[PDB]
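Reading through the structure tokens given below for one structure.
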Amino acid sequence: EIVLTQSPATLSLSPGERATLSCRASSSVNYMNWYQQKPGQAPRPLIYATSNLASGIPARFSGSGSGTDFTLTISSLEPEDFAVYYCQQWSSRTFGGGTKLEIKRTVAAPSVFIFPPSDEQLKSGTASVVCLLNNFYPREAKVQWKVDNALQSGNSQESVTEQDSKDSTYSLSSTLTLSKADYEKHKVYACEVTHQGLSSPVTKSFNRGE
Amino acid sequence: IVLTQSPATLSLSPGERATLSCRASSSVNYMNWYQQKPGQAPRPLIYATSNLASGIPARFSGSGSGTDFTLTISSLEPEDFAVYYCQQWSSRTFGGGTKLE
Amino acid sequence: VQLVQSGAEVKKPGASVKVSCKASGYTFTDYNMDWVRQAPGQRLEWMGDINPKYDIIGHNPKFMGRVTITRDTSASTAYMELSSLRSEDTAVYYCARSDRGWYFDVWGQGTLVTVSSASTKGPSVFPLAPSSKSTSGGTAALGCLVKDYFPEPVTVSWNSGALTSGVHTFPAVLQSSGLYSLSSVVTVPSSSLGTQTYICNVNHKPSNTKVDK
Amino acid sequence: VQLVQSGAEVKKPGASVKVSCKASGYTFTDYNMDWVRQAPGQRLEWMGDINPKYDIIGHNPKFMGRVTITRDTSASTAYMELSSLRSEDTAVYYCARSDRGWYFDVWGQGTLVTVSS
Amino acid sequence: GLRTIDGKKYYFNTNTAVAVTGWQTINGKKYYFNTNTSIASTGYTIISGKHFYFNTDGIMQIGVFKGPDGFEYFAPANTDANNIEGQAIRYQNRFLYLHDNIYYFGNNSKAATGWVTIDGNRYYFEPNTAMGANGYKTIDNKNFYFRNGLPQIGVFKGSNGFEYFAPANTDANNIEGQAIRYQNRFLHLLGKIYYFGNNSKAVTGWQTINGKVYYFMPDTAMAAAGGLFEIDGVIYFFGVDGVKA
């Protein structure tokens, strides 16, 4: 029965500002435990019961709620507090889906760079083309592969870096992969980038070769 | 467990009543019936007892309880002349059947 | 007071796995041990717990058919055994301790179990050619592509540890082939060939392969 | 939906004939097979039925030592064998389904198996 | 030192000072004596809002025991919200292995009553003790053989002999693992051969079937076949299908 729901999937605020996390339950529950997790680290216990906090937790974090709705709140954010926050009900030991608390900063336009495949890779029967978007914000971006202006929406995989610690930007890598077969008979390889910081789409090209 | 039937051979004309039964020498819960035209494989008619499927007309009314089980055909038809076998599902035993001429 | 779990075991579908949890700094009989996994980026999933004193075990109905938790008081170790592994069992399995039945006080560092038909394979590392500081923007960027390895994890550094500024190592993406692939990049000024030659250091421990490109 | 059997085979007494039944149009592991012998001008008599749990069950004591039934799920096919064959087992062998344990949904074409010398 | 008076335990301590009250630890085992009546609590007993169970001798025991609202889980002292030994706790949608018996608790922390479907499989918890049923039981004139709450498949010994607990859809849309009607035909299961009479019971001992001799294990009803056998003082050789030579 009991399903926990994190009300804001992502929350983008700035340090020094007050923050609120909500965790609404499908039914009436007595207690709610809040956790925390950095990337590459195990979840660290933040709050237990509802109000009571754990050791090593500053007096910033407060916790309160009743019945269906519970709210985790941070009086004043400091650069370290930005992370994912899960809730939990003990009797059923179900977890929420997490709220990612990110650093809000000004819009930042991406720097776009294109990379041709390597020599040793070609002779092996495969060709990988990479498109890189560097130091941009917000995370939302659409990368559109075109091959001789033919858009393929099916042949590519993307990955994105975590928010940078120094300038709070993201970076994205998009890679088009096809066998050496179905490669040499096309000429121009282009990467179309769309982002909130770009007045119009930015396209980076690649040639038949050479 | 052996079951027996009342009519083995039967010669009738289209448009006449047809009643044939199968009696088990032991108390039995359900019974099936199977039609078979010459040359081609058997055809299921009745299952459990008062049930039918696989496209049979509504005139087929299977009935029975305990030992004696009976099949009913309210109206005969020319293309319906075939052999009618009865079967016990649990013991997985059939019977002699009945022929139509 | 810390918990220490096994290392990253890697199995193929249908096999089983043994994860341990070395309780230290307290009376092992006092508390309970909860097992909690986390599929890549997915919400935390609770599997089962054990009471060291009375041999009381409780599962999560999802794993009723396969998970089994055991106990070794003298060794102060907790165990869980997933059997008949599905390809969807790849996750980080954690080991946690209950404080008077409120929250998880101490956590293990997690143990990685990878389930896949793929066989262990080291990466090929390909250069990324850079040449574009044309007019308005001075900064240029290069990297290395770490392709077709298995399993996770890989680490990458630049120039044998010298560089930290501008380095971005991307999370691995899982290919349709069952192999992983990632790229590592670095942003640098006007330097070209003959100046500040950059070196890419790729290490894949489970394959015992070291490649500097 | 249809159950297709193998062709007509005719051999000498003291041999073995393996009849196959190819399922069509349905999941082969949600129902059980079945086999029945109909000798010329004779009643129907049951032989055995395989199950998706690889229990080859129901040998008629008259056929317990003679018969061997098998299953090939990878090909969605069924099989039936008969050893120590005699000139009395000349008949037509049918397959059959089992609808929720009822009445055999569909039957096979019926394989001609006659034995003489 | 306690002494039973008219079927009621009173703890009189030692000095013949007549009575005491409250929680008491008498030889490791913990009692509670009614505050007003000084009687050792017995059965389901509510104390300051928290629930407890005590056996007929007033001894507190941990386990899944029947309360006015259904079976509750009285648990160790650090399971849920700093509970205390033998206190009922909240236990929602989780399995509980206890003394090698299974329990499952629903949305309001109560054990299952009889038949209950849990995430695809059909468990039967004994309505008497709430634990997942083990062995041969009969529900609604339908027979089953349970292991840890789940009906098993196979030839197992029952009240009226060996029954063949078949999978679902094998005989009159039977439930999975329910006993069926199996009359006058052999059965090969897990490499072992069986034979069932007109009463759907696997025969045992020496049985002649179709002009041939068979011997079936008294304990498992499995047919003896594959090699030599010493069935009580005499050596016999059975074939592969169970035919003695």
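Every residue, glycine among them, receives a Cβ derived from its backbone with ideal geometry; neighbour counts consider all protein chains shown. What is reported rests on the model, the rules as stated and the sources as named; no laboratory instrument gave them.
For the stretch C:162-181: of the residues being facing chain A (nearest Cβ under 7 Å) and not in a loop (DSSP other than H, G, I, E, B), which is farthest from A:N155 (Cα to Cα)? Looking at the filtered set, the residue picked out is C:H168. Note on the stretch C:109-137: residues that are more than 7 Å from every other protein chain (Cβ to nearest Cβ) and either under 30 Å from E:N78 (Cα atoms) or under 24 Å from the mean Cα position of the chain (by Cα) (or both) amount to 15. Considered as a group, the residues in the stretch E:60-83 that are crowded, with 16+ Cβ neighbours inside 10 Å, aliphatic (A, V, I, L, M) and out of contact with any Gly (no Cβ under 7 Å at 6 or more places or on another chain) include one that is nearest to C:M33 (Cα to Cα), and that residue is E:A75. Applying the criterion of at least 1 residues that are touching a residue at least 40 places away in the same chain (Cβ under 8 Å) to the strands (runs of 3 or more DSSP E) found wholly in the stretch C:55-110 leaves C:77-83, C:91-98, C:104-107.
Of the residues making up the stretch E:178-204, those that are aliphatic (A, V, I, L, M) and away from chain B (no Cβ under 14 Å) are E:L189, E:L190, E:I193, E:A202, E:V203.
The residue that is farthest from the chain's Cα centre (by Cα), counting only those in the stretch B:47-68 that are within 14 Å of another protein chain (Cβ to nearest Cβ) and part of a strand (DSSP E or B), is B:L52. Determine, yes or no, whether B:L12 is in contact with a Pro (Cβ under 8 Å, 6 or more places away or on another chain), in a loop (DSSP other than H, G, I, E, B) and touching a residue at least 40 places away in the same chain (Cβ under 8 Å). No.
Mind checking which pairs have a first residue in the stretch E:205-216 that is away from chain D (no Cβ under 11 Å) and a second that is assigned to a strand (DSSP E or B) and among the aliphatic types (A, V, I, L, M), Cβ under 6 Å, 6 or more apart or different chains? Hits for this filter: E:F216/E:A223. Quick one: would you say A:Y31 is more than 30 Å from A:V202 (Cα to Cα), part of a loop (DSSP other than H, G, I, E, B), among the aromatic types (F, W, Y) and within 11 Å of another protein chain (Cβ to nearest Cβ)? Taking the combined requirement at face value, the residue satisfies it. Are any residues in the stretch C:4-25 farther than 29 Å from C:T120 by Cα, in a strand (DSSP E or B) and not polar (S, T, N, Q), and if so, which ones? Matches in the stretch C:4-25: C:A23 only. E:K110 meets all of the listed conditions (1) closer than 19 Å to E:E176 by Cβ; (2) in contact (Cβ under 8 Å) with a residue 12 or more places away in the chain; (3) more than 12 Å from the chain's Cα centre (by Cα) but one, namely (1). Residues that are within 20 Å of E:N82 (Cβ to Cβ), within 12 Å of chain A (Cβ to nearest Cβ) and in a strand (DSSP E or B) within the stretch C:26-45 comprise just one, C:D34.
Do we have any residue at all in the stretch E:71-94 that's under 27 Å from E:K157 (Cα atoms), part of a strand (DSSP E or B), touching a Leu at 6+ places or on another chain (Cβ under 8 Å) and not assigned by CATH to the domain that holds E:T25? No; the residues of the stretch E:71-94 include none that is under 27 Å from E:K157 (Cα atoms), part of a strand (DSSP E or B), touching a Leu at 6+ places or on another chain (Cβ under 8 Å) and not assigned by CATH to the domain that holds E:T25. The strands (runs of 3 or more DSSP E) located wholly in the stretch E:1-60 that include 2 or more residues which are closer than 13 Å to E:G86 by Cβ and not assigned by CATH to the domain that holds E:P76 occupy E:22-26, E:29-33, E:43-47, E:50-54.
What's the total number of residues in the stretch D:52-62 that are surrounded by fewer than 22 Cβ atoms within 10 Å (Cβ to Cβ) and either more than 7 Å from chain E (Cβ to nearest Cβ) or not basic (K, R) (or both)? Result for the stretch D:52-62: 6.
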